[PDB]
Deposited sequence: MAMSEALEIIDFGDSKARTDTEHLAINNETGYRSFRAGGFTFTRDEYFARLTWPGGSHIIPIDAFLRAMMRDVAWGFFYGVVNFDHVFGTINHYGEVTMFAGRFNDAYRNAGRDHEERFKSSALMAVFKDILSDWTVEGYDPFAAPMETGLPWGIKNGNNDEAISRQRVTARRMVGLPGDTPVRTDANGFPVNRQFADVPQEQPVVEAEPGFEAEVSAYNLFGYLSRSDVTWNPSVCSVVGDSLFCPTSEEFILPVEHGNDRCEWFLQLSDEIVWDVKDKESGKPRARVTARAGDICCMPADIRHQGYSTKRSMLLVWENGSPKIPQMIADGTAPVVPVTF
């Protein structure tokens, strides 16, 4: 039962101008309005804006933790070096019927074809990492590309933003101006006064400022590290493009403004709860649920992760703290 590696570039469609692609038994085609998926025995359609926003995340996150559901049918499960792609795996209708379909891939093989899909299907003026009010539209025939938008380098602190050799603070000068929906956020540096010899370990930065300057939405990015404890804050606007079903607990601390989380059962997709978080609110997302957030105004969110690879197995024998 070895992980698959078979992927293929199919033809360009003459009318639409887009290329279609194959990964194992799945095929991917887009037209003016839709991503059209097929697999052995079934088919599915996702509006292309939702699809591209979702694909942007799975790509940027390297398949992330646990389950990335594009929607109630299609998604991926990260096995960390391998990845399952599914239609209906976490949908009771498909599963009670025996109509779910899963294929396990080597992660770099699936990632390579996902990157090609994302590049080909993204048009000039359309940034699938941005909120709708910040960017153009993906509809219609192929028209140029936005490869710059979809190839942004991941930033990850090794220990903390701003430390020597570590991920830098964001400034106008290094290409990171304050986003319009955080135009009022204070931007002063903390006062840092190190004695001679201790410059490298006396360090502080304006985290709210750094987040106010994030050039993408819904992208947890590590700012500070204590062993497996990762503080991954991010700037959120509109809707989280996926329903995340994590294979471990994760916590959200709302830093500004407000987000509402739609919480559904991880396995079935059934609605379970709705969590409203305002500035200072912290809550846990248990491993047995999937969640999707809604943020009207661009807001600052701390996603707190435990990146230990031992946790998933341990949950497969609690699911809540």
task: Could you sort out which parts of the deposited sequence are absent from the coordinates (no C-alpha) and give them as ranges from 1?
output: 1 to 14, 332 to 334, 339 to 341
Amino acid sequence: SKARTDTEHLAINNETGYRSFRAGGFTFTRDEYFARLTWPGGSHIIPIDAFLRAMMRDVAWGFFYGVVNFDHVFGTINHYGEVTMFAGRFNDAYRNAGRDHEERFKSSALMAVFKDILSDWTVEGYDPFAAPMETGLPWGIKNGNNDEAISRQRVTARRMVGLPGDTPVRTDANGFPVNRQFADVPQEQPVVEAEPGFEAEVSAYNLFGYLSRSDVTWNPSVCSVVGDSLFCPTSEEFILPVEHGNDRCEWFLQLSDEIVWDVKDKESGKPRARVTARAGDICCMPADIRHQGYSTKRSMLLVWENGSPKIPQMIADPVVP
From here on, numbers count along this sequence of modelled residues.
task: Output the stretch having the higher mean C-alpha B factor in the entry; the candidates are 208 to 216 and 91 to 99.
output: 91 to 99
- request: Could you check which stretch, 78 to 86 or 193 to 201, carries the larger mean CA temperature factor in the entry?
  value: 193 to 201
message: Can you tell me which of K106, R170, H244, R180 has the maximum CA B-factor listed in the PDB entry?
response: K106
- prompt: From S268, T276, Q254, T29, which pick has the Cα B-factor that tops the rest in the entry?
  reply: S268
statement: Entry-reported C-alpha B-factor of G41 relative to its chain, by third, is highest
- request: Compare the C-alpha B factor of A112 with those of the other modelled residues in its chain, then answer lowest, middle or highest third.
  value: middle
query: Ranked by Cα temperature factor within the chain, is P286 in the lowest third, the middle third or the highest third?
result: highest
field: Ranked against its chain, the third holding the CA B-factor of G144
entry: highest
task: Sort the modelled residues of this chain by their C-alpha B factor and say whether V226 lands in the lowest, middle or highest third.
output: middle
